[PDB]
Amino acid sequence: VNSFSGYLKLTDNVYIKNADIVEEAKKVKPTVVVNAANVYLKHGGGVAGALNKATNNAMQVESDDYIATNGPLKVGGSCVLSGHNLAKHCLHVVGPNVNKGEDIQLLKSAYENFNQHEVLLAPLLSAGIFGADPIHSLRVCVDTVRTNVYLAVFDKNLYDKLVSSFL
Ligand SMILES: O=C1CC[C@@H](c2cccs2)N1Nc1ncnc2[nH]c3ccccc3c12
């Protein structure tokens, strides 16, 4: 039993909800919140901009130190940093950005990072401003993640489309 509330069960381990991941993180304080990161951990917009703003820019400060020490992430890669006031940990995961020409086949590699964590609150990777089809992203998530994932979908219209079209 966990503290997540109001989710639709899609499969044994994948759940989905129409919600703002920031407010969901602030309420649940999950062990792991996933950020829709880029390789430079520059959290300007989309999910990343929203998570960072909610931390009063502490996420960005921590991230800049991480990059100064380690260099950029790989597309498809991840790193574990603090969750600040939102979660115990933030798993920054780099889905491919279609608006940069990155290979959508890397989306599966991105979701594989979730399997290192027993339970996660997450957005759909590569959706939104990363330019991929959210229906496809959900399919890859379901077919790749084996741990317990709670997906927050900000757009109410999009959520209903994902559910109604889910196979
Ligand atoms: O609903 C989806 C599906 C793909 C993804 C993206 C859409 C555009 C770029 S990325 N998204 N957005 C969000 N996901 C989680 N929490 C969110 N809180 C919000 C508060 C205001 C506005 C949007 C969101 C939002």
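Numbers here are sequence positions counted from 1.
Within the 4.5 Å cutoff, no side-chain heavy atoms of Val80 are placed close to those of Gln116. With a 4.5 Å cut-off on side-chain heavy atoms, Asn148 and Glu118 do not count as touching. Between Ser78 and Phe114, every side-chain heavy-atom pair lies at or beyond the 4.5 Å cut-off. Looking at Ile135 and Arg139, their side chains never come closer than 4.5 Å, going by heavy atoms from C-beta outward.
Atoms CD and NE2, from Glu62 and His84 in turn, are 3.5 Å apart once rounded to the nearest 0.5 Å. Rounding to the nearest 0.5 angstrom, the gap separating the CG atom in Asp103 from the CG atom in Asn97 is 13.0 Å. Here CG of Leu162 is found 9.0 Å from CG of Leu151. Values are rounded to the nearest 0.5 Å. Atoms CD1 and OG, from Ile104 and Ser126 in turn, are 5.0 Å apart once rounded to the nearest 0.5 Å. If you take NZ on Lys161 and CG on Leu138, they are separated by 13.0 Å, rounding to the nearest 0.5 Å. The NZ atom of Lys27 lies 5.0 Å from the OG atom of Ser3; values are rounded to the nearest 0.5 Å.
Heavy atoms only, all atoms of each residue included: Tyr111 and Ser137 are closest at OH-OG, 2.7 Å. Closest heavy-atom contact between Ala87 and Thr31: CB-O, 4.4 Å. In this structure, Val34 and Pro123 approach most closely via the heavy-atom pair O-CD, 3.4 Å. Minimum interatomic distance between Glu102 and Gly95 (heavy atoms only, all atoms of both residues): OE1-O, 4.2 Å. For the residue pair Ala48 and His43, the shortest heavy atom distance occurs at O-CB, 3.5 Å. Nearest approach of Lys9 to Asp12, heavy atoms of both residues: NZ-O, 2.6 Å.
Using a distance-only test at 3.5 Å, with no hydrogens or angles considered, no donor-acceptor pair links the side chain of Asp64 to the main chain of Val61. Between the side chain of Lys17 and the main chain of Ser5, a donor-acceptor pair closer than 3.5 Å is present. At least one donor-acceptor pair closer than 3.5 Å links the side chain of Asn99 to the backbone N or O of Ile129. Judged by distance alone, the side chain of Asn115 and the main-chain N or O of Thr144 form a donor-acceptor pair under 3.5 Å. Side chain of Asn18 to main chain of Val153: a donor-acceptor pair is present (N/O by atom type, distance under 3.5 Å, no hydrogens or angles).
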Could you go step by step and tell me if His117 and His89 meet the side-chain contact (heavy atoms from CB on, under 4.5 Å) rule?
CA-CA 10 Å; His117 304 277; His89 304 104; over 6 Å; no
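By the 4.5 Å side-chain criterion applied to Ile, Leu, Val, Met, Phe, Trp and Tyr, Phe4 is assigned to a cluster that also includes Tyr7, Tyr15, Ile21, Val22, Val28, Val33, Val47, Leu51, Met59, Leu86, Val119, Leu121, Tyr150. Other members of the cluster containing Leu81 are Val39, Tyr40, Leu41, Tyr66, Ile67, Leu73, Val75, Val94, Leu106, with ILVMFWY side chains joined at under 4.5 Å, either directly or via other members.
By the criterion of side-chain heavy atoms lying less than 4.5 angstrom apart, applied directly or through intervening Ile, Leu, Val, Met, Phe, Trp or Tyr residues, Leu124 is not grouped with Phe154; the two fall into different hydrophobic clusters. Connection of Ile16 to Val149 is established within a shared hydrophobic cluster, with ILVMFWY side chains joined at heavy-atom distances below 4.5 Å, either directly or through further cluster members.
Annotation: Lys88, atom NZ; neighbour count of heavy atoms from other residues, nucleotides and ligands within 6.0 Å does not exceed 12.
In this structure, the side chain to side chain contact (heavy atoms under 4.5 Å, CB included) partners of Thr11, at least two apart in sequence or on a different chain, are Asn13, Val14, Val142, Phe166.
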